[PDB]
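Asks: Just dropping in an experimental structure and the matching sequence.
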Amino acid sequence: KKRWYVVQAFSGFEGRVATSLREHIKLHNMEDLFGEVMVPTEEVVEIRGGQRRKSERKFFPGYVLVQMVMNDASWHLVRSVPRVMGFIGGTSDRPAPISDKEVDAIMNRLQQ
Amino acid sequence: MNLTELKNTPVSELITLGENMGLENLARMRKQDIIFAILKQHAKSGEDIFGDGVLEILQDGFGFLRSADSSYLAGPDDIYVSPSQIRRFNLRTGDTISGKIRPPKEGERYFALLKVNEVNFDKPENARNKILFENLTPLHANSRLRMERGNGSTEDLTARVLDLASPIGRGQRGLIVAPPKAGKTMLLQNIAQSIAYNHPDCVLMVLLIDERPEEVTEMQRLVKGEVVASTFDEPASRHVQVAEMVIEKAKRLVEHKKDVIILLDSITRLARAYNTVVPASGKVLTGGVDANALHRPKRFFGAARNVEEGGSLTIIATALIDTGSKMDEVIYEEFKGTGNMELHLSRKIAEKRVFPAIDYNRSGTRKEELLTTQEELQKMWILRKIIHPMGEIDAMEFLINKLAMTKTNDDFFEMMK
Amino acid sequence: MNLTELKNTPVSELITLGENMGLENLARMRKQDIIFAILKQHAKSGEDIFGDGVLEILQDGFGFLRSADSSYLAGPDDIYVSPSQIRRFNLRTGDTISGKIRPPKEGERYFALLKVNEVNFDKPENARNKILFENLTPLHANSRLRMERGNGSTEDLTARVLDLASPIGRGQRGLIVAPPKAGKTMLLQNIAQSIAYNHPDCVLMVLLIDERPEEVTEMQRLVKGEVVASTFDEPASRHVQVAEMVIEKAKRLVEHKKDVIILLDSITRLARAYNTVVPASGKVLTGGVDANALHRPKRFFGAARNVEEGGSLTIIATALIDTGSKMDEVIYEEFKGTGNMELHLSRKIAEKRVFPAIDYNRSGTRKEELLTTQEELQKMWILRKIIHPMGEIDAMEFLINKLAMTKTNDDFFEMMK
Amino acid sequence: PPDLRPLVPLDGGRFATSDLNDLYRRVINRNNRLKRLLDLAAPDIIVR
RNA sequence: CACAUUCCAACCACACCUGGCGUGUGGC
DNA sequence: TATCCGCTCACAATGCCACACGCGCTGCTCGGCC
DNA sequence: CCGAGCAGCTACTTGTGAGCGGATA
Ligand SMILES: Nc1ncnc2c1ncn2[C@@H]1O[C@H](COP(=O)(O)OP(=O)(O)O)[C@@H](O)[C@H]1O
Ligand SMILES: Nc1ncnc2c1ncn2[C@@H]1O[C@H](COP(=O)(O)OP(=O)(O)O)[C@@H](O)[C@H]1O
Ligand code: BEF
Ligand code: BEF
Ligand SMILES: [Mg+2]
Ligand SMILES: [Mg+2]
């Protein structure tokens, strides 16, 4: 089952690490083991005004939790790509994914 | 307890009301401090307050709700709103909002908006379903805005000649070109009266920029409509501020599919203001105006258009000429060919004390064929051909006499046969 | 998913389309943000995008692809292109390009051009095999551009008198000299209609500089051709920008051996703009115009010529006179003897509401012998000799009557015998 | 105490700061981020 | 009526400066 | 299950003085009741 | 969009003492 595991990256490089891991997944043609990035930085919070009304697609903690199937090859692939300093989870090295309640919570944060 | 209920009644009612509520002498405070202290002491008895006002965006992110009592300026009774409400309910400048309010909580100094109930006279649920202004498809004016009262009063002539000189429509672009002390004020007052009588469905607003306070106080109680003004008591920062306020109010209202009609007096004062608040860009021409100092008047005036989906924005501003300073002239210069309808008043006719002093053939309306019917257009052409060979002054007198004999313009047209 | 497919359809189709795609309320954004978010969410499903647009060179080296929806300006949906592509495929201002595009990648904010597929409606392989503009050998106009429809409609007269007053050809240099409110707009609209009907092979483009938005929206849906405009809502920087955009588009297209016809309205507005964006050089003459402030209008107008290898660039601009300000006059002054063809419209004829109000003998075309045949030229000389002793107004009426009796100008010529 | 923390205006826009200042600033940053995450009902593993 | 202070001929008050820390080198 | 043995981690290693020098670039994130 | 502050781009010491298993009776 495609579980939603959490991964931490270098401070600021969250989207860059997301695109790097996507290119790595498309590289070793292992799409049957992973899902998508699910970048939770849906924080369109902006500051508008005199000639300056751009948006900010940022303002979120450095977490790029990815939907995937936990496996030896999958873990070694998501760790082989650099800038993956953080693999959160209480474990030796094989953690437990997130539950469906927080899945729907972050989905609501995505929609809002 | 609503904000407008204390917003509209005069200062005397506020005095007796606060003296009844057992207050410190409220006669020592300003109107805004009067309403502020009264709402404070009312909430101190345990009531949840309701309020209303027009929103202004600030560059720090949050917004402030102003009223027409302060002419849309900063005051102690302005209602603070967080940027996150502006996000969720899609707020912006010009959105008039009424709903649940409370006084500033512990350590704060401005009212807070709890619960939105009316966004531009609409449900806040559909307020997010709006169309923007620049994405609009403008058009020419098709619907005729008849200015004639039909009762045949003495001053009503100055309106009927309107229907004979320069037709108006929903979304028209009109420029009043007249020297000082020619009769623009009475003309504008009659315009406002006729519009408020014949078309009470469209919202009517008037701009007074750098005017005299007596004119303001006479205007605010002669027209049936909410008026805003700014005298010379205040810096041009206030004038530009109220300018964004009124223009964004009109924009949001026409986005809500409403017909807005703004009467601006005068565009020369507004141009002077915009020029004096704009920083120097090194581009100076004759008169002392910066090159980008006119971008804001151009914006305010080009805001006028006729929308196709519904609603329109008519903007009728007066410009001043023959004031002895070339700078004013240059302003009028760039506003020469920008408008499609003009009311030319010559001082030569007003010098004889014959009113209204309107230059007929120097006035006109572009694409006026879509505003009137075929019979009316043919009669207008015949009247223009009759008045063209004669001069300005006694020819205007001829029109005034031919208008005063008949009751409405139907009898005048039939007699012209 | 192509850029033009969302570029041309109105805002309403974009609304329903995004509401179908399960979007945040797109009614809160601008047209450019609408297309931007829709293309974002489309690529988020995994599609490679195609796009198109006209290139603009920047001084930092890279280029940006603009559309006619933004009137060739900066926007969120502009396609970024690296300078190295401009090097390899020999790009420059005016080169319209269509090909593979993707949304901005991780951390970027503008679309990127992957793969070039069409450079000015040509293969990008032959795009490097082009001839420059200044190395061209200009000539006079030889091919006749017949403006007469031949159907004999009521307004078609204003076109037939064209073929009788001032002939046009491929690469002609024409100046419309007329006071305000004389009938230049309807004339230009008929010109555009007749060209798009009789010569659909040549590309047709129109310039509207500092005009009213109603005229823009009426023009963009009356002619069969892609139009660009710039109202007074915007600073003169926008006007000069769209000026380079359109002139370089015409230049690249005529370099690609295509016949370009540009109708500019009005050159007085463009001269005012060029004067107000140019810095002061200490050289001021009467009117308030810098000496080098006219170099850019001179450049834009001298861009017109007739190429020998193939293709041509016809530029027909209108100038304003009798506007009360001497500055305008001075502009027309330096544009007096620069054009080889002129359409003189006098307000004296338009004052009687008889259209078209064209001054016959004050109008004319230099070297018109190479545009028409011998019979046509002799008949033109005879008509000029017949109309010369009479005045302007009722002589124009005489031409209008003699034109309205016959169906096309062949019957008129045969009757003139 | 603030003045007990070495922070002197160096030559130019730069300031000669102490090593404790960076520590306190990082502590405050992570504390504020944690307080933000607790309000948004972040996942248990994230707040962990 | 009461609380509380009173904005200006010499001059008193309005002064005077980088070891945060590390590294390198040398001497005792 | 007690208890000696082997592996692992915290702590230490003058003092003074003199001179000289240093902490960058691109990139990322947070800053704001008038 | 603007400005302000802050982050990514190891092994020749040896000795002493204490603590934590650990394996042997
Ligand atoms: N319809 C009208 N009826 C009566 N008087 C009029 C009318 N229109 C203009 N006037 C005259 O015009 C004058 C306007 O004065 P003033 O406000 O100084 O001119 P302006 O409006 O140019 O500032 C008034 O004295 C008034 O008598
Ligand atoms: N061929 C025509 N037939 C009928 N009316 C015309 C014609 N040409 C011009 N007009 C009249 O002239 C006006 C044109 O206005 P406008 O386009 O603003 O002229 P300009 O652009 O010269 O100022 C219209 O109101 C229209 O009624
Ligand atoms: F007094 Be007026 F407005 F010139
Ligand atoms: F188009 Be008009 F001549 F201003
Ligand atoms: Mg007045
Ligand atoms: Mg026109």
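Replies: Sure, I can see it. Numbering: from 1, shown residues only, chains lettered A, B, ... in the order given. Ligands and ions are numbered 1, 2, ... in the order given.
Asks: wait, residue A:40 sits on residue A:59?
Replies: No: using Cβ atoms under 8 Å as the test, residue A:40 is too far from residue A:59 to be in contact (11.2 Å). Heads up, the C-betas are built off the backbone N, CA and C, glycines and all.
Asks: Looking at those two, which is more packed in?
Replies: The residue with more neighbours, out of residue A:40 and residue A:59, is residue A:40; 20 against 11, by other Cβ atoms under 10 Å in any protein chain shown.
Asks: Checking my notes, the more buried one in a strand, right?
Replies: No: membership of residue A:40 in a strand is not supported by DSSP: H, G, I helix; E, B strand; the rest coil, which gives coil.
Asks: Strands of chain B, start to end?
Replies: Listed in chain order, the strands of chain B (DSSP state E) span B:49-57, B:63-66, B:79-81, B:96-102, B:111-119, B:138-139, B:173-178, B:203-211, B:228-231, B:259-265, B:305-307, B:312-320, B:341-344, B:364-365.
Asks: Can you say which of the ones you listed is nearest to DNA strand G?
Replies: Of all these, it is strand B:49-57 that lies closest to DNA strand G, at 13.5 Å by Cβ to the nearest atom of the strand.
Asks: quick one, helices of the stretch 101-250 of chain B?
Replies: In the stretch 101-250 of chain B, the helices defined using DSSP state H, counting those that start in this stretch lie at B:157-165, B:184-198, B:213-219, B:236-255.
Asks: Oops, could you answer that again for chain D instead?
Replies: D:19-39, D:44-47 (DSSP state H).
Asks: okay, those helices, which one's buried deepest?
Replies: helix D:44-47 (a mean of 15; mean count of other Cβ atoms under 10 Å in any protein chain shown).
Asks: who are the neighbours in contact with residue B:305?
Replies: Contact analysis of residue B:305 by Cβ atoms under 8 Å, 6 or more residues apart in numbering or on different chains lists B:136, B:138, B:139, B:171, B:312, B:313, C:213, C:214.
Asks: wait, what's in contact with the third one?
Replies: When the contact criterion is Cβ under 8 Å, 6+ apart, the partners of residue B:139 are B:171, B:305, B:306, B:307, B:308, C:214, C:217, C:218.
Asks: Distance of the closest residue to the first one other than its chain neighbours relative to residue B:252?
Replies: The spatial neighbour of residue B:171 that comes closest, neighbours along the chain excluded (Cβ to Cβ, 6 or more residues apart in numbering or on different chains), is residue B:306 at 2.9 Å. Going from residue B:306 to residue B:252 by Cβ to Cβ, to the nearest Å gives 17 Å.
Asks: next one: residue B:280
Replies: 33 Å.
Asks: now swap in residue B:324 and tell me
Replies: Note on residue B:324: its distance to residue B:252, by Cβ to Cβ, is 40 Å.
Asks: Contacts only, for whichever residue of chain D sits closest to chain A.
Replies: Per Cβ to the nearest Cβ, residue D:43 is where chain D lies closest to chain A, at 4.0 Å. When contacts are counted by Cβ under 8 Å, 6+ apart, residue D:43 is found next to A:6, A:98, A:102, A:105, A:106.
Asks: Name the nearest of those residues relative to ligand 2.
Replies: Of all the contacts of residue D:43, the one with the least separation from ligand 2 (Cβ to the nearest ligand atom) is residue A:106, at 58.4 Å.
Asks: For chain D, give the residue positioned nearest to ligand 1.
Replies: residue D:13 (55.8 Å).
Asks: can you pull the contacts of the residue nearest the centre of chain B?
Replies: Most central in chain B under Cα atoms, centre = their mean is residue B:206, positioned 2.6 Å from the mean C-alpha point. Shown in contact with residue B:206 (Cβ under 8 Å, 6+ apart): B:188, B:192, B:219, B:223, B:225, B:227, B:228, B:229, B:262, B:263, B:264, B:265.
Asks: Do I have it right that the second one meets residue B:202?
Replies: Right, the one you point to is residue B:192. No: using Cβ under 8 Å as the test, residue B:192 is too far from residue B:202 to be in contact (11.9 Å).
Asks: follow-up on the earlier one: grab the two from the contacts of residue D:43 that are most spread out in space.
Replies: Spatially, the most separated pair among those is A:6 and A:105, at 13.2 Å (Cβ to Cβ).
Asks: Between those two, which is the more surrounded one?
Replies: Per other Cβ under 10 Å, whichever of residue A:6 and residue A:105 has more neighbours is residue A:6, with 21 against 16.
Asks: about what we covered before: and residue B:324 and residue B:252? Which one has more around it.
Replies: The residue with more neighbours, out of residue B:324 and residue B:252, is residue B:252; 24 against 7, by other Cβ under 10 Å.
Asks: That one is in contact with residue B:96, isn't it?
Replies: Yes: look at residue B:252 against residue B:96 with Cβ under 8 Å: they come within range, at 7.4 Å.
Asks: Return every residue with contacts to both of these two.
Replies: With Cβ under 8 Å, 6+ apart as the test, residue B:252 and residue B:96 both reach residue B:120.
Asks: Name the residues of chain B found near ligand 4, please.
Replies: residue B:337 (Cβ under 6 Å from any ligand atom).
Asks: Closest residue of chain B to ligand 1?
Replies: residue B:183 (2.8 Å).
Asks: what's the neighbour count on that residue?
Replies: Residue B:183 has 19 neighbouring residues, counting by other Cβ under 10 Å.
Asks: do the same with residue B:214
Replies: Neighbours around residue B:214, by other Cβ under 10 Å: 9.
Asks: Same question for residue A:75.
Replies: By other Cβ under 10 Å, neighbour count at residue A:75 equals 17.
Asks: Is stretch B:39-47 in proximity to DNA strand F?
Replies: No: Stretch B:39-47 stays clear of DNA strand F (Cβ under 7 Å from any atom of the strand), getting no nearer than 14.7 Å.
Asks: ok, the residue of chain B closest to ligand 1 - contacts?
Replies: Here residue B:183 is in contact with B:345, B:350, B:355, B:356, B:357 (Cβ under 8 Å, 6+ apart).
Asks: for residue B:302, same thing?
Replies: B:338, C:213, C:231, C:232, C:233.
Asks: Spatially nearest residue to residue B:109, not counting backbone neighbours?
Replies: residue B:76 (7.3 Å).
Asks: Now the residue of chain D closest to chain A, what are its backbone angles?
Replies: In terms of degrees, to the nearest 10, the main-chain angles of residue D:43 are phi -60, psi 150.
Asks: ok, it to residue A:108 distance?
Replies: Per Cβ to Cβ, residue D:43 is found 13 Å from residue A:108.
Asks: So what's the residue count around residue B:19?
Replies: Residue B:19, neighbours per other Cβ under 10 Å, totals 12.
Asks: So which bits of chain D are right by DNA strand F?
Replies: Checking chain D against DNA strand F by Cβ under 7 Å from any atom of the strand, the hits are D:10, D:14, D:16, D:29, D:32, D:33.
Asks: what pairs with the third one across the strands?
Replies: Spelled out, that is residue D:16. Residue D:16 has the following beta-bridge partners by DSSP bridges: residue D:8.
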